[PDB]
Amino acid sequence: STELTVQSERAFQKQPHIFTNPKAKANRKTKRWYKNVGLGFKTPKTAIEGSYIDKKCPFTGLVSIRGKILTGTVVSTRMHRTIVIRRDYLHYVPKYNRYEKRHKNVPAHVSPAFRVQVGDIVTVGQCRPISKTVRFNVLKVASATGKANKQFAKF
Amino acid sequence: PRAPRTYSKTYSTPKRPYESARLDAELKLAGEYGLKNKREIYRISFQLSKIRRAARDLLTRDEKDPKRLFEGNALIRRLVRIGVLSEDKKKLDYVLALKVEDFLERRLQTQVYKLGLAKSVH
Amino acid sequence: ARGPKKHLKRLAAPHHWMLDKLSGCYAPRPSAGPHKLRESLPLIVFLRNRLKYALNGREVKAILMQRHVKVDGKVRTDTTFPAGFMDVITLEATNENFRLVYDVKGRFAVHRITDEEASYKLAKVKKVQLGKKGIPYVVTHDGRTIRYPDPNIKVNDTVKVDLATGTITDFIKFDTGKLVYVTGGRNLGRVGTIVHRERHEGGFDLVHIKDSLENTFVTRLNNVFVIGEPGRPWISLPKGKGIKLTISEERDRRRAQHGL
Amino acid sequence: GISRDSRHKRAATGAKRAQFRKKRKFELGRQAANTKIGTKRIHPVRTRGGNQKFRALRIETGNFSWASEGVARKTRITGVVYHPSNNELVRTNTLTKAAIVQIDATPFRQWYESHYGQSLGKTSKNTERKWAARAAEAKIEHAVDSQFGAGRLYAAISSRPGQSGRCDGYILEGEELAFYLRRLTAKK
RNA sequence: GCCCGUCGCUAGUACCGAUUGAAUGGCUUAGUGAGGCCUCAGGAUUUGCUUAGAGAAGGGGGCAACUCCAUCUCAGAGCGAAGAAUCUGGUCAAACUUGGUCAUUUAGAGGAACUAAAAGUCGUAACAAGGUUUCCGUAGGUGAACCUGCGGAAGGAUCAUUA
RNA sequence: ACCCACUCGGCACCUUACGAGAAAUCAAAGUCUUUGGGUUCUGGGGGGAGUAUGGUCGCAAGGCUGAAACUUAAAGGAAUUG
RNA sequence: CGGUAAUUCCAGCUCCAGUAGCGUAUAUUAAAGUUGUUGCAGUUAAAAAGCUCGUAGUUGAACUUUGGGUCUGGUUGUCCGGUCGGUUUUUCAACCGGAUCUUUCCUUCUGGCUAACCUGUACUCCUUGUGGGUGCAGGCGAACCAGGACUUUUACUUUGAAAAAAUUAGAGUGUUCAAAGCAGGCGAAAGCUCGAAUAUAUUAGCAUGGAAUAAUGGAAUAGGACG
RNA sequence: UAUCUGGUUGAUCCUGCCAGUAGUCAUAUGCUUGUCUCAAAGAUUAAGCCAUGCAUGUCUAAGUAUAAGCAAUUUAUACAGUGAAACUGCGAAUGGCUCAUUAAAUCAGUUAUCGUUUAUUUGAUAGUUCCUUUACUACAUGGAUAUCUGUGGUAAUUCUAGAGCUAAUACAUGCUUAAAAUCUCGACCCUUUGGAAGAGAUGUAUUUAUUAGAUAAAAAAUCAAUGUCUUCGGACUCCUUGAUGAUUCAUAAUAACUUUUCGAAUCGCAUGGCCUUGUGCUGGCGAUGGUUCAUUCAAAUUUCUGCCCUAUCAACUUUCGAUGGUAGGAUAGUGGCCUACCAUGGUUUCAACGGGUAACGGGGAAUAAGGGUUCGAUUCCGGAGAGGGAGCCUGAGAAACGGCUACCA
Ligand SMILES: [Mg+2]
Ligand SMILES: [Mg+2]
Ligand SMILES: [Mg+2]
Ligand SMILES: [Mg+2]
Ligand SMILES: [Mg+2]
Ligand SMILES: [Mg+2]
Ligand SMILES: [Mg+2]
Ligand SMILES: [Mg+2]
Ligand SMILES: [Mg+2]
Ligand SMILES: [Mg+2]
Ligand SMILES: [Mg+2]
Ligand SMILES: [Mg+2]
Ligand SMILES: [Mg+2]
Ligand SMILES: [Mg+2]
Ligand SMILES: [Mg+2]
Ligand SMILES: [Mg+2]
Ligand SMILES: [Mg+2]
Ligand SMILES: [Mg+2]
Ligand SMILES: [Mg+2]
Ligand SMILES: [Mg+2]
Ligand SMILES: [Mg+2]
Ligand SMILES: [Mg+2]
Ligand SMILES: [Mg+2]
Ligand SMILES: [Mg+2]
Ligand SMILES: [Mg+2]
Ligand SMILES: [Mg+2]
Ligand SMILES: [Mg+2]
Ligand SMILES: [Mg+2]
Ligand SMILES: [Mg+2]
Ligand SMILES: [Mg+2]
């Protein structure tokens with residue numbers, strides 16, 4: 001979400017230490033470097049076919065996914081390239097021997113490879129500290145459509 | 001700061017103070033087996049109760065499975081060596097019924113009297 | 001606080017010293033070296049509590065100063081050197097060489113080893129990496145780095161080490177059906193065969209390891225140390241030999257064996 | 001002094017986190033160098049783990065580099081020509097990473113006169129074959145050629161001159177070169 | 001018999017309360033800003049290398065640019081290196097100043113309570129259909145209980161009038 | 001429009017309670033120490049007090065919300081005989 | 001309780017309780033099912049909002065793979081001790097698995113090793129034999145890997161790995177007994193020699209089995225599934 | 001080792017509370033007190049104040065010695081035995097105490113650093129300093145400064161100013177050094193199949209670039225560049241590559257720089273081996289140092305989940321970074337850690353925010369059927385603090401306080 005412009009800051013952003021040789025004359029021009037992420041996660045072609053740079057993407061960046069591979073649905077999407085994943089869970093309380101439905105929203109960076117909307121479930125890997133709160137990175141929008149192509153009643 | 005050398009207030013009072021029949025029954029014990037204090041009795045009663053407490057927490061589990069079998073046997077082994085428990089009874093469920101009177105008759109107090117030597121107990 | 005810690009308080013003393021609760025506020029902090037704090041064994045514990053060649057720390061200190069003590073070829077005068085797992089401690093007066101190996105319980109043991117075999121030290125990996133001048137080099141979890149290893153000495157695979165010279169005698173690969181000694185907490189100092197290696201992406205490689213008695217158990221790879229192929233382990237192990245009996249089984253062997 | 005604490009920053013929600021401990025050394029972040037171009041000077045600093053981490057101060061010169069050829073030289077700087085973070089660093093003329101700058105280009109010529117020897121802006125018998133075998137390899141992207149004639153190429157330094165001490169950078173070529181030129185015409 | 005209130009005395013608990021109250025601390029406007037660190041300079045002093053002329057009694061192995069030696073050694077002067085106080089911006093920011101503000105404390109004239117009571121006045125409200133049945137809600141009034149409207153309830157003084 | 005029998009819906013009585021319940025009584029106030037169908041709410045001796053305060057709501061009356069300090073050995077409930 | 005016999009005040013003798021201790025004060029835990037998850041009350045004793053709506057919450061009907069066989073591993077009681085108070089089978093048992101076959105897939109392949117004979121290429125070392133194996137073209141793959149492909153996701157529960165030590169429970173042991181402690185034990189008493197356990201800690205994460213329970217999900221514009 | 005009694009009544013059964021009852025490595029006190037083992041002990045109130053003394057310093061065969069010190073006697077015609085003093089080294093960031101803060105903070109387990117520093121630790125290791133190559137410091141470069149010699153001050157102080165000498169593992173400079181191979185330069189000949197005499201540069205650190213760091217299998221047609229062997233039809237064949245789940249990783253190259261780091265003008269014991277018979281060239285056992293890689297001790301962050309009371313706190317954060325982004329700046333490093341420009345996010349009744357806490361977290365403690373409650377200042381592990389609040393030097397490690405600077409008290 002934003003989006004599209006590729007090169008549109010005061011600066012002009014390249015994938016650092018990666019080159020698009022002017023002497024050489026390939027069809028792509030831009031050598032789109034990309035990362036195989038591991039942990040059984042497939043590299044989505046929207047990253048490798050696409051345009052955007054992003055430092056903070058796992059695929060098109062130096063961001064290395066590790067550690068806790070959390071999940072949960074997506075509540076908030078409004079900000080630039082990040083998401084807020086709502087990781088619901090229970091909390092056991094022995095003096096009762098029952099459960100609290102607890103909440104914690106997890107802010108998590110989006111590589112624009114994926115299309116993320118509200119009410120979508122999403123696996124998401126811990127990585128470097130991206131930002132203040134965002135220590136996490138969208139890796140797999142599981143509800144890619146979630147009845148998006150199909151509403152639609154009248155035969 | 002070597003380490004706190006642990007201890008126990010080992011021997012612990014009953015939960016009322018004046019059950020008349022207990023006050024007599026404790027006197028009877030301190031008279032028969034010659035005990036200077038109530039303490040000497042509660043000492044045995046607790047020391048015993050600790051065993052009982054094991055036996056209950058073993059008999060809750062199935063004797064055939066491990067701890068029940070092992071700790072129970074070792075608990076019995078311990079008692080038969082100390083000589084409270086009979087050689088007729090080595091069945092754990094018999095440990096449960098051991099009583100304070102059987103413990104006292106095993107003390108060096110009494111085993112003087114039971115082997116003669118002293119005469120008249122005290 | 002404000003940087004690294006210099007003391008080590010006796011209750012915090014890692015349990016497999018079998019350090020005494022009383023008789024000292026402190027424990028000997030194992031100094032910096034090839035083996036991790038808790039996985040090491042400082043020589044004071046070794047020479048005093050274990051072997052009793054010294055009656056106190058003073059005598060250990062002097063014992064190290066006169067200097068027949070030689071941990072892994074070199075001498076040491078350090079009262080708390082990290083003499084960890086596999087570390088060949090040779091006392092030339094008495095000729096009582098000791099390899100450092102775990103008793104089935106977990107606590108280390110005195111193994112009164114030969115002249116003779118106490119001469120190589122088995123050692124793990126760790127790395128495989130390369131350094132400058134493009135030199136490929138291998139590292140042992142159990143301390144040392146050895147240069148120019150055979151290309152197919154891979155990771156979590158053992159290596160026999162010449163020790164006195166410090167090179168490579170030979171190596172044992174890591175794979176299915178290979179005698180493996182254990183160095184992890186609950187399964188610590190058991191021995192077994194290896195059946196599976198659960199790969200696991202990120203969250204630790206597991207290994208399913210049946211003993212002689214064929215009681216299965218699992219550990220992590222890091223806590224596993226390939227002692228050989230089945231039948232012939234490369235090290236002479238203590239009485240018990242990595243079996244780890246049941247509680248009643250140990251009680252049985254004790255109260256059966258009464259030879260006054 | 002100028003610390004890098006997560007302690008301050010109120011919080012993720014707002015909760016003004018109370019000042020737990022007096023800020024520590026390991027959290028620190030020293031005064032910004034913002035090195036100029038006016039008489040070569042450097043001071044070092046004793047950082048974490050000892051480490052002499054040279055702070056450049058009024059740094060003149062830095063080895064700015066080609067792409068097509070793959071070369072760099074003892075190359076003089078002229079001035080801070082455009083800085084895409086903050087224009088404050090343009091007028092004060094404070095050199096910084098990813099700042100577009102102008103390169104004396106005489107060393108880029110003198111060495112180019114050997115490499116190919118075709119000249120940019122507008123002997124010996126066996127060399128003439130090495131001269132002939134080389135050359136007509138790189139034609140160069142127009143702006144760089146005119147800037148070669150200007151004596152003022154457009155680099156974009158990529159050292160961190162408060163960390164490094166060295167002010168070594170990179171000649172702009174191709175797309176990024178074509179981009180930063182549009183911003184230089186926008187700023188001017 | 002029980003008992004309810006007004007009004008009295010004797011103690012104490014809290015309450016409010018003018019105080020332009022007071023304190024302590026926490027935050028906090030504006031102004032100042034100690035001191036270091038970085039930074040712009042600044043150069044007390046210390047010296048190397050320059051062949052820079054000595055007196056020097058072999059100032060390199062026998063009158064002589066010593067068969068001139070790190071030669072006797074200062075006027076050189078040039079070139080450095082290190083380098084104090086001092087000092088131009090920054091920056092961190094104690095603290096003060098003079099306010100503003102939350103929290104907790106704490107004097108406070110006065111008021112208005114509430115509770116214990118030895119036991120006193122004034123009645124005697126309620127409990128018996130308590131001598132106008134009690135109640136509740138809610139208005140008004142009184143010397144106090146209380147009373148009186150309206151509506152309600154019986155915890156009513158009635159589980160009852162048939163055609 | 002009745003009679004009579006049975007039925008879904010409504011409003012209440014009689015007897016035994018073997019079931020509840022402190023009992024009065026209750027076919028629910030039963031299926032609860034043989035303790036668990038689901039859910040919301042309220043109470044924790046009496047007073048002080050539905051007061052003080054602070055909200056908040058009201059034209060106001062007042063409401064909603066709601067204290068402790070202090071005080072006291074009983075306050076009750078139901079029934080038994082007088 | 002105390003107004004001249006006060007068994008409660010105050011003193012002597014008795015006596016009780018505890019005993020080198022016992023009282024007192026404040027907390028606090030128990031008792032308190034007087035805070036209640038287990039486990040309380042609410043017609044009248046305190047307590048059901050005057051009523052209805054109502055978002056969050058919490059809760060929420062039933063329904064999808066059941067049953068039968070066929071072998072095959074154990075594990076204690078039995079049947080004698082077949083034995084030098086212990087051990088090895090059968091006549092038998094229940095109990096817990098495992099493999100399967102039942103309209104039935106347990107995730108599927110691209111290949112490595114195809115262990116094995118479903119074999120039959122020469123047919124026989126050989127009691128009259130289908131007792132027995134030197135043996136290799138088609139080829140049963142579960143005997144393991146090592147890489148894809150893509151997993152409906154949870155809760156739930158399992159055993160596992162981890163949850164520093166002391167503490168806690170607890171095994172061993174003559175600190176004289178214990179409270180404890182990590183000691184100790186036995187020789188010619190010239191040297192040798194056992195130990196220094198085990199368990200717990202269940203909250204979260206990680207591991208693997210299980211698929212009832214509970215939720216969740218899939219093909220109804222089939223843009224569905226396969227080839 | 002699941003336990004109840006007295007109390008409202010004329011008496012009854014309840015609701016109910018009070019009262020008892022037992023225990024507290026739970027405080028206090030009141031009596032009383034013979035012994036044995038063991039043994040907490042200024043936390044609670046004032047994280048209030050502190051006389052005095054002490055609690056951190058350290059030398060070996062082995063860094064620096066004409067103490068006008070001690071030795072003293074059968075190595076010193078530069079030194080060698082002991083050694084005050086001092087510089088250098090290292091240590092003083094450990095331990096110890098305490099609990100004021102502090103309520104998603106700390107802290108516990110759990111991960112992670114592919115996101116970093118790490119003296120020490122024990123493992124590893126640098127022919128390339130030279131810069132034209134017919135006469136050059138290398139068998140050893142320089143002058144300082146201390147302790148000292150005195151010259152002194154002061155009312156005080158672990159205050160030290162001047163001169164004279166005097167060192168170093170202190171501080172500066174600074175030599176050798178090949179062979180090969182690879183990359184930039186080059187007297188011509190002979191019309192192609194084109195091919196070379198010979199000159200310069202190339203350690204390690206540093207900096208940015210740029211390329212390699214590969215890998216799902218077999219077989220072609222021929223268009224531009226046109227190479228090897230031609231047994232002059234044409235053949236072309238044997239053509240390189242670590243680790244992880246995962247990289248812009250390890251590592252290797254091309255290009256350079258750089259107020260050009262490092263590459264021993266260091267030290268104690270041992271006195272061997274060849275004679276080209278010089279005092280020649282040679283060589284043992286050690287010490288420290290020194291480079292990045294390792295490891296250890298650690299270190300900073302950081303993942304997940306988890307706190308006591310309060311709605312008589314329902315909104316809070318966002319001017320003065322709140323949430324995100326792009327870029328820089330800084331840092332050891334990640335980052336709203338800081339700065340610019342931009343977007344308007346972020347949390348919340350699954351209690352945000354606020355307040356309270358006679359709150360340091362955890363391990364644990366007491367109680368003790370089960371479920372629990374309350375306590376944890378306090379022997380271990382974390383975290384904080386050293387009257388407050390700041391700021392910093394040195395150092396691997398300090399925002400140190402038995403360091404310093406300041407302001408308040
Ligand atoms: Mg400390
Ligand atoms: Mg990892
Ligand atoms: Mg200032
Ligand atoms: Mg009337
Ligand atoms: Mg009346
Ligand atoms: Mg009346
Ligand atoms: Mg009350
Ligand atoms: Mg209680
Ligand atoms: Mg109740
Ligand atoms: Mg009522
Ligand atoms: Mg259902
Ligand atoms: Mg115990
Ligand atoms: Mg109970
Ligand atoms: Mg009454
Ligand atoms: Mg009475
Ligand atoms: Mg009580
Ligand atoms: Mg010396
Ligand atoms: Mg590449
Ligand atoms: Mg790299
Ligand atoms: Mg380093
Ligand atoms: Mg950045
Ligand atoms: Mg506190
Ligand atoms: Mg607490
Ligand atoms: Mg604590
Ligand atoms: Mg306190
Ligand atoms: Mg501590
Ligand atoms: Mg103080
Ligand atoms: Mg300080
Ligand atoms: Mg200190
Ligand atoms: Mg101090």
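Helix-derived [θ] at 222 nm for chain D: sum -39500 (n - 2.57) over DSSP H runs of at least 4, divide by residue count, nearest 500?
Taken over chain D, the calculation gives -6500 deg cm²/dmol.
Taking each residue in D:63-76, count the Cβ atoms of any other chain within 10 Å of its Cβ, then average. What number comes out?
1
Could you put C:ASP150, A:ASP54, C:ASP87 in order, starting from the residue whose Cβ has the fewest other Cβ atoms within 10 Å?
C:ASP150, A:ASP54, C:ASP87
For peptide A:14-24, compute the average count of partner chain beta-carbon atoms within 10 Å of each residue's beta-carbon.
For this peptide, the per-residue mean of nearby foreign Cβ atoms is 4.
Running Debye on segment C:174-244 with equal point scatterers at the Cα sites and no solvent, what base-10 log of I(q)/I(0) appears at q = 0.20, 0.27 Å⁻¹?
-0.74, -1.33
Taking +1 at the Cβ of each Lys and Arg and -1 at the Cβ of each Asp and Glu, which of D:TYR112, D:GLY149, D:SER124 sits farthest along the dipole of segment D:106-151 towards its positive end, judged by Cα position relative to the Cα centre?
Projecting each Cα onto the dipole axis, the largest value belongs to D:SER124.
Kyte-Doolittle mean at least 0.0 and Cα extent at least 20 Å along the axis: which DSSP H helices of chain B qualify?
Flagged H segments: there are none.
So how do C:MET65, A:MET79 line up by other beta-carbon neighbours within 10 Å, fewest first? Please list the in-between numbers first.
Numbers: C:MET65 10, A:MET79 15.
Going from least to most buried by this count: C:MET65, A:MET79.
Just to confirm a number: summing +1 for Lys and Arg and -1 for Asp and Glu over residues other than D:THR123 whose beta-carbon lies under 15 angstrom from that of D:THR123, what do you get?
Neighbour charge sum, excluding D:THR123 itself: +2.
Calculate the length of the line joining the C-alpha centroid of segment B:80-112 to that of segment C:194-260, in whole Å.
When both Cα centres are located, 42 Å separates them.
Calculate the radius of gyration of the Cα atoms of segment A:21-135 to one decimal place, then report Dmax, the largest Cα-Cα distance, as a whole number, both in Å.
In Å, with Rg to one decimal and Dmax whole: 17.9, 73.
So which trypsin sites (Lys or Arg not before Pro) in segment D:44-79 pass both tests, a DSSP loop state and at most 12 other Cβ atoms within 10 Å of the Cβ?
Those satisfying the criteria are D:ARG48, D:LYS74.
Could you work out the longest stretch of chain C that avoids the trypsin sites (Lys or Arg not before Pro) located in DSSP loops with at most 11 other Cβ atoms within 10 Å?
C:75-185
Less than 16 Å apart at the alpha-carbon level, and either on another chain or at least 8 residues along: which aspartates and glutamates does that give for B:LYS67?
B:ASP57, B:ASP93, C:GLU249, C:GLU250, C:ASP252
Taking the Cα centre as origin and putting +1 on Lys and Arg beta-carbons and -1 on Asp and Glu beta-carbons, what dipole magnitude results for chain D, to the nearest 20 debye? Please list the in-between numbers first.
Details: 39 positive and 15 negative charges, 356 e Å.
In total the dipole reaches around 1720 debye.
Where does each of B:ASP93, C:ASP142, C:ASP115, C:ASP211 land when they are ranked from fewest to most other beta-carbon atoms within 10 angstrom?
Least to most surrounded, the residues fall as C:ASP115, B:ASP93, C:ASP211, C:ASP142.
Rounded to the nearest 500, what is chain C's calculated 222 nm mean residue ellipticity when only DSSP H runs of at least 4 contribute -39500 (n - 2.57) each, over all residues?
On the way: 2 runs with 19 residues, N = 260.
Helix-only estimate at 222 nm: -2000 deg cm²/dmol.
Largest first and to the nearest Å, give the Cα extent of chain B along each principal axis.
Ordered largest first, chain B gives principal extents of 48, 43, 38 Å.
For segment B:23-77 and segment C:138-161, what is the centre-to-centre distance using only Cα atoms, to the nearest Å?
Going from one Cα centre to the other spans 59 Å.
So how many Å³ per residue does the convex hull of the Cα atoms of the protein assembly as shown work out to? Intermediate results must be reported in sequence, preceding the final value.
Working: hull volume 259.7 nm³, N = 725.
Output value, Cα hull per residue: 358 Å³.
Testing the spin-label approximation: label points 7 Å from Cα along Cα→Cβ at B:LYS36 and A:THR77. State their distance in nm.
Going from the B:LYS36 label point to the A:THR77 one covers 8.6 nm.
Roughly how many debye, to the nearest 20, is the charge dipole of segment C:1-100 about its Cα centre, given +1 on each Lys and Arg Cβ, -1 on each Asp and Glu Cβ, and no other charges?
Magnitude of the dipole: close to 480 debye.
Segment D:56-117 to segment A:115-131: how many Å between their Cα centroids?
The two parts, judged by their Cα centres, are 41 Å apart.
At a Förster distance of 25 Å, what's the computed FRET efficiency of C:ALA12 paired with C:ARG76, Cβ-Cβ distance as r, to 0.05? Provide the component values of the computation, followed by the final result.
Values: r = 24 Å, r/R0 = 0.97.
According to the calculation, E is roughly 0.55.
Give me the Debye-computed log₁₀ of I(q)/I(0) at q = 0.12, 0.16 Å⁻¹ for chain C, equal point scatterers on Cα only, no solvent, two decimals.
Log10 I(q)/I(0), no solvent term: -0.79, -1.32.
Among C:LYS132/C:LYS178; C:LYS160/C:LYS239; A:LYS132/D:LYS23; A:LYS95/C:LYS9, which pairs are too far apart, with a Cα-Cα distance over 27 Å?
Beyond 27 Å: C:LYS132/C:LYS178; A:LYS95/C:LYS9.
Treating each Cα of segment D:106-151 as an identical point scatterer and ignoring solvent, apply the Debye formula and state log10 I(q)/I(0) at q = 0.27, 0.31 Å⁻¹.
One equal scatterer on each Cα of segment D:106-151 leads to -1.03, -1.19.
Using Cα pairs under 8 angstrom and six or more residues apart, how large is the relative contact order of chain A, in percent?
20
Let me know the whole percent of all Cα-Cα pairs from segment C:80-184 that are separated by more than 16 Å. Before the final figure, lay out each step's value.
Working: 3366 of 5460 pairs.
That tail contains 62 percent of the Cα-Cα pairs.
Please get the size of the charge dipole for the protein assembly as shown, origin at its Cα centre, with Cβ charges of +1 on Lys and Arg and -1 on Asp and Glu, quoted in debye to the nearest 20. Walk me through the numbers before you get to the answer.
Working: 149 positive and 65 negative charges, 613 e Å.
Using only the charged Cβ atoms, the result is roughly 2940 debye.
Using only alpha carbon pairs under 8 Å that are at least six residues apart, calculate the relative contact order of chain C and give it in whole percent.
With pairs under 8 Å counted, the relative contact order is 12 percent.
Read-outs throughout are calculated quantities, based only on the coordinates presented, and are distinct from any laboratory measurement. Note: ideal-geometry Cβ built from the backbone for every residue, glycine included; neighbour counts use all protein chains shown.
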